[PDB]
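Asks: Provided below: entry-v6.csv, containing CSV, C-alpha atoms and all ligand atoms.
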chain,number,residue,atom,x,y,z
A,12,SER,CA,-12.0,-13.3,23.6
A,13,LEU,CA,-10.8,-13.6,20.0
A,14,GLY,CA,-8.4,-10.6,20.3
A,15,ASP,CA,-7.1,-12.1,23.6
A,16,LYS,CA,-6.5,-15.5,22.0
A,17,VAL,CA,-4.5,-13.9,19.2
A,18,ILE,CA,-2.5,-11.8,21.6
A,19,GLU,CA,-1.5,-15.1,23.3
A,20,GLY,CA,-0.4,-16.7,20.0
A,21,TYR,CA,-3.5,-18.3,18.6
A,22,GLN,CA,-3.2,-18.9,14.8
A,23,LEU,CA,-6.4,-18.5,12.8
A,24,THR,CA,-7.4,-21.7,11.0
A,25,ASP,CA,-9.0,-21.9,7.5
A,26,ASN,CA,-12.4,-22.5,9.2
A,27,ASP,CA,-11.8,-19.3,11.3
A,28,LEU,CA,-11.0,-17.4,8.0
A,29,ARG,CA,-14.1,-18.7,6.3
A,30,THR,CA,-16.2,-17.7,9.2
A,31,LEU,CA,-14.7,-14.2,9.6
A,32,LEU,CA,-14.8,-13.6,5.9
A,33,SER,CA,-18.5,-14.5,5.6
A,34,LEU,CA,-19.6,-12.1,8.4
A,35,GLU,CA,-22.5,-9.9,7.1
A,36,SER,CA,-24.4,-8.6,10.2
A,37,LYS,CA,-23.7,-5.2,11.8
A,38,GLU,CA,-23.1,-6.8,15.2
A,39,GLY,CA,-20.8,-9.5,13.8
A,40,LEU,CA,-18.7,-7.0,11.9
A,41,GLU,CA,-18.5,-4.7,15.0
A,42,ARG,CA,-17.2,-7.7,17.1
A,43,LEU,CA,-14.6,-8.4,14.4
A,44,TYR,CA,-13.4,-4.8,14.3
A,45,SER,CA,-13.3,-4.7,18.1
A,46,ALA,CA,-11.2,-7.8,18.2
A,47,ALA,CA,-8.7,-6.4,15.7
A,48,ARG,CA,-8.5,-3.1,17.6
A,49,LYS,CA,-7.7,-5.0,20.8
A,50,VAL,CA,-4.8,-6.7,19.1
A,51,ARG,CA,-3.6,-3.5,17.4
A,52,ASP,CA,-3.8,-1.6,20.7
A,53,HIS,CA,-1.9,-4.3,22.5
A,54,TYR,CA,1.1,-3.9,20.2
A,55,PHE,CA,0.8,-0.3,19.1
A,56,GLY,CA,-1.4,1.5,21.6
A,57,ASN,CA,-3.2,4.5,20.1
A,58,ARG,CA,-0.1,5.5,18.1
A,59,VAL,CA,-0.2,5.6,14.3
A,60,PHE,CA,2.5,5.9,11.6
A,61,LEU,CA,2.2,8.4,8.7
A,62,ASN,CA,3.6,7.7,5.1
A,63,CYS,CA,3.7,10.4,2.5
A,64,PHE,CA,3.0,9.2,-1.1
A,65,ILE,CA,5.1,10.7,-4.0
A,66,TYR,CA,4.0,9.4,-7.3
A,67,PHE,CA,7.0,10.8,-9.2
A,68,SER,CA,6.2,9.4,-12.7
A,69,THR,CA,2.9,8.2,-14.1
A,70,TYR,CA,4.4,6.5,-17.1
A,71,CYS,CA,4.1,2.7,-17.3
A,72,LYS,CA,5.1,0.1,-19.8
A,73,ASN,CA,2.9,-2.6,-18.2
A,74,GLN,CA,-0.8,-3.5,-19.1
A,75,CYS,CA,-2.5,-4.3,-15.8
A,76,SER,CA,-6.2,-4.7,-16.4
A,77,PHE,CA,-7.2,-2.9,-13.2
A,78,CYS,CA,-4.9,0.2,-13.3
A,79,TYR,CA,-5.7,3.6,-14.8
A,80,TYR,CA,-2.0,4.0,-15.7
A,81,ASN,CA,-1.7,0.9,-17.8
A,82,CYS,CA,0.1,1.6,-21.0
A,83,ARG,CA,-2.9,1.1,-23.3
A,84,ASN,CA,-4.8,4.0,-21.5
A,85,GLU,CA,-4.4,7.3,-23.4
A,86,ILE,CA,-4.3,9.6,-20.4
A,87,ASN,CA,-2.4,12.6,-19.0
A,88,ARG,CA,1.0,11.5,-17.7
A,89,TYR,CA,3.8,13.4,-15.9
A,90,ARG,CA,7.4,12.8,-14.8
A,91,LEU,CA,8.6,15.1,-12.1
A,92,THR,CA,11.8,17.0,-12.9
A,93,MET,CA,14.7,17.1,-10.3
A,94,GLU,CA,13.7,20.6,-9.4
A,95,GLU,CA,10.0,19.5,-8.8
A,96,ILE,CA,11.3,16.6,-6.6
A,97,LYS,CA,13.5,18.9,-4.5
A,98,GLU,CA,10.6,21.4,-4.1
A,99,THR,CA,8.3,18.6,-3.0
A,100,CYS,CA,10.9,17.4,-0.5
A,101,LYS,CA,11.2,21.0,1.0
A,102,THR,CA,7.5,20.9,1.8
A,103,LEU,CA,7.9,17.5,3.6
A,104,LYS,CA,10.8,18.4,5.9
A,105,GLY,CA,9.7,18.5,9.5
A,106,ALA,CA,6.0,17.8,8.6
A,107,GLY,CA,5.7,14.8,10.9
A,108,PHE,CA,6.0,11.9,8.4
A,109,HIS,CA,7.6,8.6,9.4
A,110,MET,CA,8.3,7.5,5.9
A,111,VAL,CA,8.0,8.6,2.3
A,112,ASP,CA,6.8,6.3,-0.5
A,113,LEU,CA,8.5,7.1,-3.9
A,114,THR,CA,6.2,5.4,-6.5
A,115,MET,CA,6.3,5.2,-10.2
A,116,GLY,CA,4.7,3.2,-13.0
A,117,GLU,CA,7.3,1.0,-14.8
A,118,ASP,CA,8.5,4.1,-16.6
A,119,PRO,CA,10.7,3.4,-19.6
A,120,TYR,CA,12.8,6.5,-18.8
A,121,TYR,CA,13.9,5.0,-15.4
A,122,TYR,CA,14.1,1.4,-16.7
A,123,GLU,CA,16.3,2.3,-19.8
A,124,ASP,CA,19.0,3.5,-17.3
A,125,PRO,CA,18.2,2.5,-13.8
A,126,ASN,CA,21.0,4.6,-12.5
A,127,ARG,CA,18.5,7.5,-13.0
A,128,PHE,CA,16.3,5.9,-10.3
A,129,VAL,CA,19.2,5.1,-8.0
A,130,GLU,CA,20.2,8.9,-8.2
A,131,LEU,CA,16.6,9.9,-7.5
A,132,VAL,CA,16.6,7.8,-4.3
A,133,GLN,CA,20.0,9.2,-3.3
A,134,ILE,CA,18.7,12.8,-3.7
A,135,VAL,CA,15.5,12.2,-1.8
A,136,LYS,CA,17.5,10.4,1.1
A,137,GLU,CA,20.0,13.4,1.1
A,138,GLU,CA,17.1,15.9,1.3
A,139,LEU,CA,14.9,14.2,3.8
A,140,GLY,CA,16.9,11.7,5.8
A,141,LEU,CA,13.7,9.7,6.4
A,142,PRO,CA,13.0,6.1,5.8
A,143,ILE,CA,12.1,5.6,2.2
A,144,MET,CA,9.7,3.1,0.7
A,145,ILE,CA,10.2,2.5,-3.0
A,146,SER,CA,7.4,1.2,-5.3
A,147,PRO,CA,9.3,1.0,-8.6
A,148,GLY,CA,7.7,-2.1,-10.1
A,149,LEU,CA,9.7,-5.1,-10.9
A,150,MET,CA,13.1,-3.4,-11.1
A,151,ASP,CA,16.1,-5.8,-11.5
A,152,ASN,CA,18.1,-7.2,-8.6
A,153,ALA,CA,21.1,-5.0,-9.4
A,154,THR,CA,19.0,-1.8,-9.2
A,155,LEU,CA,17.4,-3.0,-5.9
A,156,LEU,CA,20.9,-3.5,-4.4
A,157,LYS,CA,22.0,-0.1,-5.5
A,158,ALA,CA,18.9,1.6,-4.2
A,159,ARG,CA,19.4,-0.1,-0.8
A,160,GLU,CA,22.9,1.3,-0.6
A,161,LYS,CA,21.5,4.9,-1.3
A,162,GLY,CA,19.0,4.5,1.6
A,163,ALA,CA,15.9,2.8,0.5
A,164,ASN,CA,14.4,1.0,3.5
A,165,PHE,CA,11.1,-0.7,2.2
A,166,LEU,CA,10.1,-2.3,-1.0
A,167,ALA,CA,6.4,-2.2,-1.8
A,168,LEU,CA,5.7,-4.8,-4.5
A,169,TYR,CA,2.2,-6.2,-4.2
A,170,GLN,CA,1.2,-9.5,-5.5
A,171,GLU,CA,-2.6,-8.5,-5.9
A,172,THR,CA,-3.6,-12.1,-5.5
A,173,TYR,CA,-2.0,-15.5,-5.0
A,174,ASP,CA,-4.8,-17.2,-7.0
A,175,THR,CA,-3.0,-18.0,-10.2
A,176,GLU,CA,-6.1,-18.1,-12.3
A,177,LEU,CA,-6.9,-14.5,-11.2
A,178,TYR,CA,-3.4,-13.1,-11.2
A,179,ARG,CA,-2.9,-13.7,-14.9
A,180,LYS,CA,-6.1,-11.7,-15.7
A,181,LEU,CA,-4.9,-8.8,-13.5
A,182,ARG,CA,-1.1,-8.4,-13.9
A,183,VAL,CA,-1.2,-9.2,-17.6
A,184,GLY,CA,2.0,-10.6,-19.0
A,185,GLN,CA,3.9,-10.4,-15.7
A,186,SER,CA,5.6,-13.4,-14.0
A,187,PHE,CA,3.9,-14.5,-10.8
A,188,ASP,CA,7.2,-15.8,-9.3
A,189,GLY,CA,9.1,-12.7,-10.5
A,190,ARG,CA,7.4,-10.5,-7.9
A,191,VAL,CA,7.8,-13.1,-5.2
A,192,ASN,CA,11.5,-13.5,-6.0
A,193,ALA,CA,12.2,-9.8,-6.1
A,194,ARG,CA,10.7,-9.4,-2.5
A,195,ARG,CA,12.9,-12.3,-1.4
A,196,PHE,CA,16.0,-10.7,-3.0
A,197,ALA,CA,15.2,-7.4,-1.4
A,198,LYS,CA,14.8,-9.0,2.1
A,199,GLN,CA,18.3,-10.5,1.6
A,200,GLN,CA,19.7,-7.0,1.0
A,201,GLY,CA,18.1,-5.7,4.1
A,202,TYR,CA,14.9,-4.2,2.9
A,203,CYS,CA,11.6,-4.5,4.8
A,204,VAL,CA,8.9,-5.6,2.3
A,205,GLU,CA,5.2,-4.8,1.9
A,206,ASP,CA,2.9,-7.2,0.1
A,207,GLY,CA,-0.7,-6.5,-0.8
A,208,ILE,CA,-3.9,-7.9,-2.2
A,209,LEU,CA,-6.8,-6.4,-4.1
A,210,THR,CA,-10.4,-7.1,-3.1
A,211,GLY,CA,-13.5,-6.4,-5.0
A,212,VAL,CA,-11.9,-7.7,-8.2
A,213,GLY,CA,-13.7,-11.1,-8.5
A,214,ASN,CA,-12.0,-12.8,-5.6
A,215,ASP,CA,-14.3,-15.0,-3.6
A,216,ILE,CA,-13.7,-16.2,-0.1
A,217,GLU,CA,-11.6,-19.2,-1.3
A,218,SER,CA,-9.4,-16.9,-3.5
A,219,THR,CA,-9.0,-14.5,-0.6
A,220,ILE,CA,-7.9,-17.3,1.7
A,221,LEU,CA,-5.3,-18.4,-0.9
A,222,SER,CA,-4.1,-14.8,-1.0
A,223,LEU,CA,-3.9,-14.4,2.8
A,224,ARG,CA,-2.0,-17.7,3.2
A,225,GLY,CA,0.3,-16.7,0.2
A,226,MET,CA,1.1,-13.4,1.8
A,227,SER,CA,2.0,-15.1,5.1
A,228,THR,CA,4.5,-17.6,3.5
A,229,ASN,CA,7.1,-14.9,2.8
A,230,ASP,CA,7.1,-13.1,6.2
A,231,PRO,CA,6.3,-9.5,5.0
A,232,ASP,CA,6.9,-6.5,7.3
A,233,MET,CA,3.7,-4.7,6.1
A,234,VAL,CA,0.6,-6.3,4.5
A,235,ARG,CA,-2.3,-4.5,2.9
A,236,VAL,CA,-5.6,-4.9,1.2
A,237,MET,CA,-7.1,-2.3,-1.2
A,238,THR,CA,-10.6,-2.1,-2.5
A,239,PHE,CA,-10.6,-2.2,-6.4
A,240,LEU,CA,-12.0,1.0,-7.8
A,241,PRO,CA,-12.8,0.4,-11.5
A,242,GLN,CA,-11.0,3.0,-13.6
A,243,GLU,CA,-12.1,4.8,-16.9
A,244,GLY,CA,-10.4,3.5,-20.0
A,245,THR,CA,-9.3,0.2,-18.6
A,246,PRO,CA,-10.5,-3.4,-19.4
A,247,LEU,CA,-12.2,-3.5,-16.0
A,248,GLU,CA,-14.0,-0.2,-16.3
A,249,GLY,CA,-17.4,-1.7,-16.1
A,250,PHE,CA,-16.6,-4.3,-13.4
A,251,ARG,CA,-19.1,-4.7,-10.6
A,252,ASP,CA,-18.2,-7.1,-7.7
A,253,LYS,CA,-21.0,-9.2,-6.3
A,254,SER,CA,-19.2,-9.8,-3.0
A,255,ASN,CA,-19.4,-9.2,0.8
A,256,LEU,CA,-15.5,-9.1,0.9
A,257,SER,CA,-14.9,-5.7,2.1
A,258,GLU,CA,-11.6,-4.1,2.7
A,259,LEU,CA,-12.5,-3.5,6.4
A,260,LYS,CA,-13.3,-7.1,7.1
A,261,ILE,CA,-10.0,-8.1,5.5
A,262,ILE,CA,-8.0,-5.4,7.4
A,263,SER,CA,-9.4,-7.0,10.6
A,264,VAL,CA,-8.5,-10.5,9.5
A,265,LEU,CA,-5.0,-9.3,8.5
A,266,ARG,CA,-4.5,-7.8,12.0
A,267,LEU,CA,-5.6,-11.1,13.6
A,268,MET,CA,-3.2,-13.0,11.3
A,269,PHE,CA,-0.2,-10.6,11.4
A,270,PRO,CA,-0.7,-9.0,14.9
A,271,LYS,CA,2.7,-7.3,15.1
A,272,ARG,CA,2.9,-6.0,11.5
A,273,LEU,CA,2.2,-2.7,9.8
A,274,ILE,CA,-1.3,-2.6,8.0
A,275,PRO,CA,-2.2,0.6,6.1
A,276,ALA,CA,-5.3,2.7,6.2
A,277,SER,CA,-5.0,4.3,2.6
A,278,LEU,CA,-6.6,7.7,1.9
A,279,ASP,CA,-6.7,6.7,-1.8
A,280,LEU,CA,-9.8,4.6,-1.5
A,281,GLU,CA,-12.3,6.6,0.6
A,282,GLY,CA,-10.2,9.6,2.0
A,283,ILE,CA,-10.0,10.7,5.6
A,284,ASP,CA,-13.5,9.4,6.4
A,285,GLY,CA,-12.4,6.0,5.0
A,286,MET,CA,-9.2,6.3,7.1
A,287,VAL,CA,-11.3,6.4,10.3
A,288,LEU,CA,-13.1,3.1,9.3
A,289,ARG,CA,-9.8,1.4,8.4
A,290,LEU,CA,-8.0,2.4,11.6
A,291,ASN,CA,-11.1,1.2,13.5
A,292,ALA,CA,-10.8,-2.2,11.7
A,293,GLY,CA,-7.1,-2.6,12.9
A,294,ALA,CA,-4.8,-0.6,10.6
A,295,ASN,CA,-1.9,1.3,12.2
A,296,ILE,CA,-0.3,3.3,9.4
A,297,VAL,CA,-2.0,6.0,7.3
A,298,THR,CA,-0.8,6.0,3.6
A,299,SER,CA,-1.6,8.0,0.4
A,300,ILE,CA,-1.1,11.2,2.3
A,301,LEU,CA,0.1,13.8,-0.2
A,302,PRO,CA,2.7,16.5,0.2
A,303,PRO,CA,1.2,20.0,1.3
A,304,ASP,CA,-0.6,21.5,-1.8
A,305,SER,CA,0.5,19.0,-4.3
A,306,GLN,CA,-1.0,18.4,-7.7
A,307,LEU,CA,0.5,14.9,-7.4
A,308,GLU,CA,-1.8,11.9,-8.0
A,309,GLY,CA,-2.8,8.8,-6.0
A,310,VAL,CA,-3.2,5.5,-7.8
A,311,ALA,CA,-6.9,4.7,-7.3
A,312,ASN,CA,-7.8,8.4,-7.0
A,313,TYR,CA,-11.3,8.1,-5.3
A,314,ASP,CA,-11.3,11.9,-5.2
A,315,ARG,CA,-10.5,12.4,-9.0
A,316,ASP,CA,-13.9,14.2,-9.4
A,317,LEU,CA,-13.8,16.4,-6.3
A,318,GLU,CA,-13.1,20.1,-6.7
A,319,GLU,CA,-11.0,20.0,-3.5
A,320,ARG,CA,-9.0,17.0,-2.2
A,321,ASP,CA,-8.3,16.6,1.6
A,322,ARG,CA,-5.1,14.5,1.6
A,323,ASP,CA,-2.6,16.5,3.8
A,324,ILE,CA,-0.9,15.4,7.0
A,325,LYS,CA,-2.4,18.3,9.1
A,326,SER,CA,-6.0,17.1,8.2
A,327,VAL,CA,-5.0,13.5,9.0
A,328,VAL,CA,-3.5,14.4,12.4
A,329,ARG,CA,-6.6,16.5,13.3
A,330,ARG,CA,-8.8,13.6,12.5
A,331,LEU,CA,-6.6,11.1,14.5
A,332,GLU,CA,-6.8,13.6,17.5
A,333,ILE,CA,-10.7,13.4,17.3
A,334,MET,CA,-10.4,9.6,17.3
A,335,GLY,CA,-8.1,9.6,20.3
A,336,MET,CA,-5.1,8.6,18.4
A,337,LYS,CA,-1.6,10.2,18.1
A,338,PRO,CA,1.3,10.0,15.7
A,339,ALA,CA,4.0,7.5,16.9
A,340,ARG,CA,7.6,8.4,17.9
A,341,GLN,CA,10.1,8.0,15.1
A,342,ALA,CA,12.2,5.5,17.1
A,343,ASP,CA,9.2,3.2,17.3
A,344,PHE,CA,8.9,3.2,13.5
A,345,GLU,CA,12.8,2.8,13.1
A,346,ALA,CA,12.4,-0.3,15.3
A,347,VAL,CA,10.6,-2.1,12.5
A,348,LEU,CA,13.5,-1.3,9.9
A,401,LIG,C1,1.3,1.7,-6.1
A,401,LIG,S1,1.5,0.2,-7.0
A,401,LIG,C2,2.4,0.8,-8.5
A,401,LIG,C3,3.8,0.3,-8.6
A,401,LIG,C4,4.3,-0.3,-9.7
A,401,LIG,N1,3.9,0.2,-10.9
A,401,LIG,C5,3.6,-1.6,-9.3
A,401,LIG,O1,2.7,-2.0,-10.0
A,401,LIG,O2,4.1,-2.3,-8.4
A,401,LIG,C6,-0.1,-0.1,-7.7
A,401,LIG,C7,-0.8,-1.0,-7.0
A,401,LIG,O3,-1.9,0.2,-6.7
A,401,LIG,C8,-3.0,-0.7,-6.5
A,401,LIG,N2,-4.0,-0.2,-7.6
A,401,LIG,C9,-3.8,0.1,-8.9
A,401,LIG,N3,-4.9,0.3,-9.5
A,401,LIG,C10,-5.9,0.2,-8.5
A,401,LIG,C11,-7.3,0.3,-8.5
A,401,LIG,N4,-8.0,0.6,-9.7
A,401,LIG,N5,-8.0,0.2,-7.4
A,401,LIG,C12,-7.4,-0.1,-6.2
A,401,LIG,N6,-6.0,-0.3,-6.2
A,401,LIG,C13,-5.3,-0.1,-7.3
A,401,LIG,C14,-2.5,-2.1,-6.8
A,401,LIG,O4,-2.5,-2.9,-5.6
A,401,LIG,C15,-1.2,-2.1,-7.6
A,401,LIG,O5,-0.2,-2.9,-6.8
A,402,LIG,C1,-1.2,2.5,-3.7
A,402,LIG,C2,-0.2,3.6,-3.3
A,402,LIG,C3,1.0,2.9,-2.6
A,402,LIG,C4,2.0,2.1,-3.5
A,402,LIG,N1,3.0,1.6,-2.7
A,402,LIG,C5,-0.8,4.7,-2.4
A,402,LIG,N2,-1.8,5.4,-3.1
A,402,LIG,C6,-1.4,4.1,-1.1
A,402,LIG,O1,-2.6,3.8,-1.2
A,402,LIG,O2,-0.7,3.8,-0.1
A,403,LIG,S1,-0.2,-1.3,-11.3
A,403,LIG,FE1,1.9,-0.6,-11.5
A,403,LIG,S2,2.7,-1.9,-13.2
A,403,LIG,FE2,0.5,-2.1,-13.3
A,403,LIG,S3,-0.2,-0.6,-14.9
A,403,LIG,FE3,-0.4,0.3,-12.8
A,403,LIG,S4,1.5,1.5,-12.6
A,403,LIG,FE4,1.8,0.0,-14.2
As structure tokens, what does this structure read like?

Replies:
Amino acid sequence: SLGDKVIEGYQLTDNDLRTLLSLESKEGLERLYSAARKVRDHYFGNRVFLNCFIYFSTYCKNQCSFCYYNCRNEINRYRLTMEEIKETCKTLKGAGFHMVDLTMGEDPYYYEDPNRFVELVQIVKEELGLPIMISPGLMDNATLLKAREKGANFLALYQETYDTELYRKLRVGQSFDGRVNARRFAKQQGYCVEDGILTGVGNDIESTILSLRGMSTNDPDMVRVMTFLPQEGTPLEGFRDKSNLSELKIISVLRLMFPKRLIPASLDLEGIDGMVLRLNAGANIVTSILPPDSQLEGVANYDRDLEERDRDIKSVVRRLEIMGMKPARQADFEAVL
């Protein structure tokens, strides 16, 4: 009945969030996943959207405590040349993606002269013609406006948490309202916006509710949750979370809270097997799919130690077929834009 109630317009209360978020039993969790699939199937059927991830520069000037690419970490870093971007684009044409996500750290090269980023968006839009999600960090409003004019469609700029006590330990040195304000500015210029929270990073149930309610206030087009994977060389490298607040539970709660929105199943956390679990918890778009071949990186990189990664669209679509799901039509995706 819970899925039916939501389909009809029921708004989950804070008591409902507490109850859903504290579910621990196999049967309870299966009833929560089933409810979220009812809601997702009502609005999306068995059709799934596919987003390619192009991490085009792994340089960052910021010092996030959770992220492998924080500026204090002495690691391998790359910055794709124009020729490498064009070669990557050639491998994506006609592959079946609905959108491409052009992501970078806050790379000083692109921040010193943001016309270099605007030209990168123009080249990719000219090559692919597809909807483009940008994840450039907190770029200034003038650059956001120029990138919109070159064909950027989505801005992904995740808040991580709306619990202020936690945000300042995670996004060290970054304004809390700066990110909120940039998503608002981008919506005014016509972008769709994705917000996101991290779980497994010391958020308890109350912190998670504050973050779910914080995400809803701004009317995002896409909402996500990622499991924190502690990374080598960061301040949080040893962190162990003592919580039941799994990404799958929160995906189902997001579907019940944002029934009509996009919610990702990311390959970056648990790969294709993890994708199955996330789609069965209510997700409707598969992200962190890499270009065919590709030495390109994800962000959490659950598969950093594997001799062979399984991140390509053809493996994703094969697994959706096994699940009884199918890629969506492009026009259905464009309807969200
Ligand atoms: C793809 S965005 C990068 C864009 C730009 N640098 C930024 O911070 O907005 C990185 C996000 O990846 C996720 N992330 C980073 N490190 C992670 C980790 N160790 N585990 C899980 N998610 C992580 C976070 O939600 C952070 O918002
Ligand atoms: C975190 C990344 C996305 C950033 N906008 C990508 N690895 C993902 O999981 O979708
Ligand atoms: S999350 Fe984004 S801003 Fe923070 S260190 Fe990682 S790449 Fe840089």

Asks: Name each residue within 7 Å of ligand LIG 402 (chain A), counting all atoms listed in the file, as a PyMOL selection string.

Replies: chain A and resi 64+112+114+146+167+277-279+298-299+309-311

Asks: So which residues are near ligand LIG 401 (chain A), meaning at most 8 Å away with all atoms listed in the file counted, given back as a VMD selection string?

Replies: chain A and resid 71 73 77 to 80 114 to 117 146 to 149 167 to 171 207 to 209 236 to 242 280 310 to 311

Asks: Mind pulling up the distance from atom CA of residue A:133 to atom CA of residue A:295?

Replies: 28.0 Å

Asks: Which is closest to residue A:248 among A:227, A:69, A:212, A:21, if we use all atoms listed in the file?

Replies: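 Selected residue with least distance to residue A:248: A:212.
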
Asks: My list of candidates is A:348, A:32, A:156, A:220. Which is closest to residue A:258 when distances are computed with only C-alpha atoms?

Replies: A:32

Asks: Counting all atoms listed in the file, which residues sit no farther than 6 Å from the position (-10.6, 9.1, -2.8) in the file's frame? I'd like them as a list in words.

Replies: residues 279, 280, 281, 282, 312, 313 and 314 of chain A

Asks: Next, the residues of the selection above should be written as a PDB file, in the frame of the given file with C-alpha atoms.

Replies:
ATOM      1  CA  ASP A 279      -6.700   6.700  -1.800  1.00  0.00           C
ATOM      2  CA  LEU A 280      -9.800   4.600  -1.500  1.00  0.00           C
ATOM      3  CA  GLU A 281     -12.300   6.600   0.600  1.00  0.00           C
ATOM      4  CA  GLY A 282     -10.200   9.600   2.000  1.00  0.00           C
ATOM      5  CA  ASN A 312      -7.800   8.400  -7.000  1.00  0.00           C
ATOM      6  CA  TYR A 313     -11.300   8.100  -5.300  1.00  0.00           C
ATOM      7  CA  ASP A 314     -11.300  11.900  -5.200  1.00  0.00           C
TER       8      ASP A 314
END

Asks: In Å, with one decimal, what is the gap from atom CA of residue A:42 to atom CA of residue A:23?

Replies: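 Separation of atom CA of residue A:42 and atom CA of residue A:23: 15.9 Å.
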
Asks: Let me make sure I understand: among A:111, A:339, A:93, A:75, which one has the smallest atom-to-atom distance to ligand LIG 403 (chain A) if we use only C-alpha atoms and all ligand atoms?

Replies: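 Answer, going by the shortest atom-to-atom distance: A:75.
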
Asks: Kindly indicate which residue among A:318, A:124, A:308, A:15 lies nearest to ligand LIG 403 (chain A), using all atoms listed in the file for the distances.

Replies: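 The closest residue to ligand LIG 403 (chain A) is A:308.
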
Asks: At what distance in Å, to one decimal, does atom CA of residue A:86 lie from atom CA of residue A:315?

Replies: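 Going from atom CA of residue A:315 over to atom CA of residue A:86 covers 13.3 Å.
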
Asks: When you look at residue A:22 with a cut-off of 9 Å (counting all atoms listed in the file), what residues show up, excluding the ones that are within fewer than 2 positions of it in the same chain? I need them as number ranges by chain.

Replies: A: 16-17, 20, 24, 267-268

Asks: In terms of the shortest atom-to-atom distance over all atoms listed in the file, which of A:74, A:152, A:257, A:33 is closest to ligand LIG 403 (chain A)?

Replies: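 The shortest atom-to-atom distance to ligand LIG 403 (chain A) comes from A:74.
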
Asks: Would you mind listing what lies within 12 Å of residue A:18 as a CSV table (one decimal) with C-alpha atoms, in the frame of the given file, with all atoms listed in the file counted and same-chain residues fewer than 6 positions away left out?

Replies:
chain,number,residue,atom,x,y,z
A,12,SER,CA,-12.0,-13.3,23.6
A,46,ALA,CA,-11.2,-7.8,18.2
A,47,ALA,CA,-8.7,-6.4,15.7
A,48,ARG,CA,-8.5,-3.1,17.6
A,49,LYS,CA,-7.7,-5.0,20.8
A,50,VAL,CA,-4.8,-6.7,19.1
A,51,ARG,CA,-3.6,-3.5,17.4
A,52,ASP,CA,-3.8,-1.6,20.7
A,53,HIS,CA,-1.9,-4.3,22.5
A,54,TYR,CA,1.1,-3.9,20.2
A,266,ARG,CA,-4.5,-7.8,12.0
A,267,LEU,CA,-5.6,-11.1,13.6
A,268,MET,CA,-3.2,-13.0,11.3
A,269,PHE,CA,-0.2,-10.6,11.4
A,270,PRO,CA,-0.7,-9.0,14.9
A,271,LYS,CA,2.7,-7.3,15.1

Asks: Can you work out which one of A:323, A:188, A:118, A:98 has the shortest atom-to-atom distance to ligand LIG 403 (chain A), counting all atoms listed in the file?

Replies: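 Checking each of A:323, A:188, A:118, A:98 against ligand LIG 403 (chain A), counting all atoms listed in the file, the winner is A:118.
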
Asks: Leaving out stretch 34-40 of chain A and any residue of its chain fewer than 6 positions from it, which residues lie within 12 Å of it when counting only C-alpha atoms, given as a VMD selection string?

Replies: chain A and resid 27 to 28 46 to 47 216 254 to 264 288 291 to 292

Asks: Need the shell around residue A:176: protein/DNA/RNA residues with any atom at most 12 Å away, counting only C-alpha atoms. Skip same-chain ones fewer than 2 positions apart. Format as an NGL selection string?

Replies: :A and (172-174 or 178-183 or 187 or 213-214 or 218 or 221-222)
